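Shown next, in structure tokens, is the structure this report addresses.
Each residue takes its place number in the sequence, starting with 1. Note: hydrogens, waters and symmetry copies are ignored here, and every other heavy atom, side chains too, is used.
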Amino acid sequence: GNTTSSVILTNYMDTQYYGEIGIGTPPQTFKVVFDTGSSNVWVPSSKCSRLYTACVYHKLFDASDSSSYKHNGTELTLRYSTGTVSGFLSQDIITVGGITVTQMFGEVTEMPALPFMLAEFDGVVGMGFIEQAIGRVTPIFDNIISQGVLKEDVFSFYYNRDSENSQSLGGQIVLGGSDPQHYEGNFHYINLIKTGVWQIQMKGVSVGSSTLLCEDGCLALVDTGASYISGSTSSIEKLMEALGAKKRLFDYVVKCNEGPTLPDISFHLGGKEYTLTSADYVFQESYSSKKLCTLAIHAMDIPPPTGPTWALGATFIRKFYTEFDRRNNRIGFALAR
Ligand SMILES: CNC[C@H](C[C@H]1CCCOC1)NC(=O)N1CCC[C@@H]([C@@H](OCCNC(=O)OC)c2cccc(Cl)c2)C1
Ligand SMILES: *[C@@H]1O[C@H](CO)[C@@H](O[C@@H]2O[C@H](CO)[C@@H](O)[C@H](O)[C@H]2NC(C)=O)[C@H](O)[C@H]1NC(C)=O
Ligand SMILES: [Cl-]
Ligand SMILES: [Cl-]
Ligand SMILES: [Cl-]
Ligand SMILES: [Cl-]
């Protein structure tokens with residue numbers, strides 16, 4: 001077995017990254033987020049009523065136009081930090097890359113306007129473990145591993161920084177390996193705490209020189225479906241004070257002129273310092289002192305058993321190419337380029 005597939009990703013404003021999959025024969029394509037913090041695959045269903053304006057605005061899967069579709073109809077409900085989708089299970093072949101696998105996924109027939117009217121993508125391909133899958137549906141990567149087609153039992157993420165270029169690649173996911181065009185040096189591997197969750201230990205978070213946060217250790221989820229870095233309300237309040245940031249309704253901001261001279265924030269992982277500077281974490285839409293600029297960091301209280309935990313989302317992954325290694329239960333980071 002020696003295949004390594006690769007899916008190009010569109011980068012929308014540094015907050016949503018999504019690629020295409022095809023479902024059925026002939027394929028119906030969908031825009032989907034590849035999410036290490038969840039484990040189910042779903043797309044909107046042709047059976048989704050118009051009453052759901054999010055189903056009006058996205059691509060719908062029509063079972064009856066595919067010959068490889070296999071009925072199941074068991075009910076499915078998925079709860080995310082953003083809201084809940086609901087529908088039922090269907091089997092069909094899914095193409096990502098590269099690779100064709102037979103999969104159980106959700107056809108979604110309830111999709112709330114909040115917040116899917118803001119989703120540039122249609123559905124989600126969860127990349128987490130079966131342990132976290134609702135209905136214990138076998139996850140796509142498990143089904144792929146079963147095929148024995150992959151060079152190595154790993155996948156990795158490159159997320160680029162938004163750009164004005166017509167060209168210039170938003171991001172890329174590799175299945176089976178990592179792409180040395182988008183990282184320098186070698187991977188520093190850190191071991192999962194346990195199989196079941198893409199989560200490692202974190203020994204501290206510092207702002208400036210001082211170990212401000214997580215001073216006695218804490219957890220970090222490595223969450224490719226998260227836009228920002230997240231911590232618990234209690235940590236984030238502390239961090240945001242340190243930066244002089246202001247809490248608004250949807251974000252934290254600073255005066256744009258102040259952004260560039262804000263302290264670095266470092267994350268202490270597997271014995272090393274992973275530093276994002278204020279250029280990595282302020283959306284500097286101008287440098288005016290009369291404007292407010294958003295930070296790519298916010299509070300999310302992730303409930304037990306998976307939290308309390310930080311999550312290292314795109315703000316972090318932009319700087320560090322990330323490889324998810326299911327064979328050895330570990331995560332590798334190297335500098336992205
Ligand atoms: C379990 N993993 C973390 C979850 C996963 C999301 C998958 C899709 C449905 O929601 C959950 N993400 C979050 O909790 N986020 C915080 C709130 C907004 C999300 C944000 O997701 C863009 C896709 N994520 C991305 O490109 O990461 C690089 C979003 C923004 C606007 C509308 C929607 Cl519907 C979702 C990010
Ligand atoms: C739809 O999916 C459900 C979920 O697995 C299937 O129900 C299982 O069927 C197997 C085989 O008959 C049983 O051993 C299990 O007891 C069932 N699981 C549950 C949770 O009930 C069902 O068979 C599928 N239907 C079709 C036709 O695909
Ligand atoms: Cl869930
Ligand atoms: Cl609201
Ligand atoms: Cl803390
Ligand atoms: Cl940024």
Measuring only between side-chain heavy atoms, which start at C-beta, is [X] closer than 4.5 Å to [Y]?
{"X": "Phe267", "Y": "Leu276", "value": "yes"}
{"X": "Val43", "Y": "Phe30", "value": "yes"}
{"X": "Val282", "Y": "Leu295", "value": "yes"}
{"X": "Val254", "Y": "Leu292", "value": "no"}
{"X": "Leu239", "Y": "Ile265", "value": "yes"}
{"X": "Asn143", "Y": "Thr102", "value": "no"}
{"X": "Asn329", "Y": "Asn191", "value": "no"}
{"X": "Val207", "Y": "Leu243", "value": "yes"}

Using the disulfide (SG to SG under 2.5 Å) rule, collect all pairs that involve [range], keeping only residues at least two apart or in two chains.
{"range": "residues 26-57", "result": "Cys48-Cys55"}
{"range": "residues 89-163", "result": "none"}
{"range": "residues 247-307", "result": "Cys256-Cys293"}

Requested in this report: Give me the ring orientation class for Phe324 and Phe155: parallel if the planes are under 30° apart, tilted from 30 to 60°, perpendicular past 60°.
Outcome: parallel
Just list the side-chain donor-acceptor pairs under 3.5 Å for residues 82-94, sequence neighbours left out, or say none.
from, atom 1, to, atom 2, distance (Å)
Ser86, OG, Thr77, OG1, 3.3
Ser90, OG, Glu107, OE2, 2.7
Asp92, OD1, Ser68, OG, 2.9
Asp92, OD2, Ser66, OG, 2.7
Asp92, OD2, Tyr69, N, 3.4

In residues 170-184, what donor-acceptor pairs under 3.5 Å come from side-chain atoms, sequence neighbours left out?
from, atom 1, to, atom 2, distance (Å)
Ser178, OG, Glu323, OE1, 2.4
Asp179, OD1, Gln181, N, 3.1

Just verifying a value: how many Å separate [X] [atom1] and [Y] [atom2], rounded to the nearest 0.5 Å?
{"X": "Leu219", "Y": "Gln199", "atom1": "CG", "atom2": "CD", "value": "4.5 Å"}
{"X": "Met127", "Y": "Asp142", "atom1": "CE", "atom2": "CG", "value": "10.0 Å"}
{"X": "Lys194", "Y": "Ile200", "atom1": "NZ", "atom2": "CD1", "value": "13.0 Å"}
{"X": "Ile297", "Y": "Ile229", "atom1": "CD1", "atom2": "CD1", "value": "5.0 Å"}

Where at least one partner belongs to [range], residue pairs that pass side-chain hydrogen bond (donor to acceptor under 3.5 Å, both in side chains), sequence neighbours excluded:
{"range": "residues 19-38", "value": "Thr25-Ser67, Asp35-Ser38, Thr36-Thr224"}
{"range": "residues 285-299", "value": "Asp251-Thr294"}
{"range": "residues 200-209", "value": "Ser206-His268"}

Does [X] reach the main-chain N or O of [Y] with its side chain, forming a donor-acceptor pair under 3.5 Å?
{"X": "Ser278", "Y": "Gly259", "answer": "yes"}
{"X": "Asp325", "Y": "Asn328", "answer": "yes"}
{"X": "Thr53", "Y": "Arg50", "answer": "no"}

**Report entry** side chain to side chain contact (heavy atoms under 4.5 Å, CB included) evaluation trace for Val253 with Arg248
**Finding:** CA-CA 7 Å; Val253 291; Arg248 301 205 292 198; 3.4 Å; yes
Minimum heavy-atom separation for [X] and [Y], please, with both atom names.
{"X": "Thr315", "Y": "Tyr228", "result": "OG1-CA, 3.4 Å"}
{"X": "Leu213", "Y": "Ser235", "result": "CD1-O, 3.5 Å"}
{"X": "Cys214", "Y": "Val205", "result": "CB-N, 4.0 Å"}
{"X": "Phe320", "Y": "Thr322", "result": "O-OG1, 3.0 Å"}
{"X": "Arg330", "Y": "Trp198", "result": "O-CZ3, 3.7 Å"}
{"X": "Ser5", "Y": "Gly97", "result": "OG-CA, 2.8 Å"}

Requested in this report: Name all residues meeting the salt bridge (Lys or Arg N to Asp or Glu O under 4.0 Å) criterion together with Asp280; count only those two or more places apart in sequence or in a different chain, and write none if there are none.
Outcome: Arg161, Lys319
Query - side chain to side chain contact (heavy atoms under 4.5 Å, CB included) assessment of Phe316 paired with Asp223 - result: CA-CA 10 Å; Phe316 181 95; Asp223 197 340; over 6 Å; no
Query raised in the report: Looking at residues at least two apart in the chain, or sitting in another chain, which of them share a ring-ring contact (aromatic ring centres under 6.0 Å, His included) with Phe105?
Result: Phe61
Query - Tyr274-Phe333 aromatic ring centre distance below 6.0 Å - result: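 Yes, close enough.
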Query raised in the report: So, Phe116 versus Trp42, ring centres under 6.0 angstrom or not?
Result: yes
Query raised in the report: Between the side chains of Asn160 and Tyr158, does any donor sit under 3.5 Å from an acceptor?
Result: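 Judged by distance alone, the side chains do pair up.
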Report task. Report yes or no: do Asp264 and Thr275 form a side-chain donor-acceptor pair below 3.5 Å? Result ->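 On atom types as modelled, these side chains do not qualify, holding no pair under 3.5 Å.
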Query - cation_pi(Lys247, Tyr252) dist<6.0 Å, angle<=45 - result: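 So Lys247 doesn't make the cation-pi contact.
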Query raised in the report: Looking at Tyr159, does the NZ or CZ of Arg318 lie under 6.0 angstrom from its six-membered ring centre and within 45 degrees of the ring axis?
Result: no
Check whether more than 12 heavy atoms from other residues, nucleotides or ligands sit under 6.0 Å from atom [atom1] of [X], and answer yes or no.
{"X": "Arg79", "atom1": "CZ", "answer": "no"}
{"X": "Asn165", "atom1": "CG", "answer": "yes"}
{"X": "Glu120", "atom1": "CD", "answer": "yes"}

Requested in this report: List the steps, then state whether side chain to side chain contact (heavy atoms under 4.5 Å, CB included) holds for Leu221 with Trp310.
Outcome: CA-CA 6 Å; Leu221 189 66; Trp310 295 75; over 6 Å; no
Query raised in the report: So which pairs with a foot in residues 294-310 pass salt bridge (charged side-chain N to carboxylate O under 4.0 Å, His left out), sequence neighbours left out?
Result: none
Requested in this report: Before accepting this row, confirm whether a basic side-chain N of the pair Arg326/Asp153 lies closer than 4.0 Å to the acidic partner's carboxylate O.
Outcome: no
Let me check something: any side-chain donor-acceptor pairs from residues 128-141 under 3.5 Å, sequence neighbours excluded? List them with distances.
from, atom 1, to, atom 2, distance (Å)
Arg136, NE, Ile130, O, 3.4

Query raised in the report: Between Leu9 and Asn11, is a side chain to side chain contact (heavy atoms under 4.5 Å, CB included) present by the stated rule, with each step listed?
Result: CA-CA 6 Å; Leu9 310 166; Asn11 171 353; over 6 Å; no
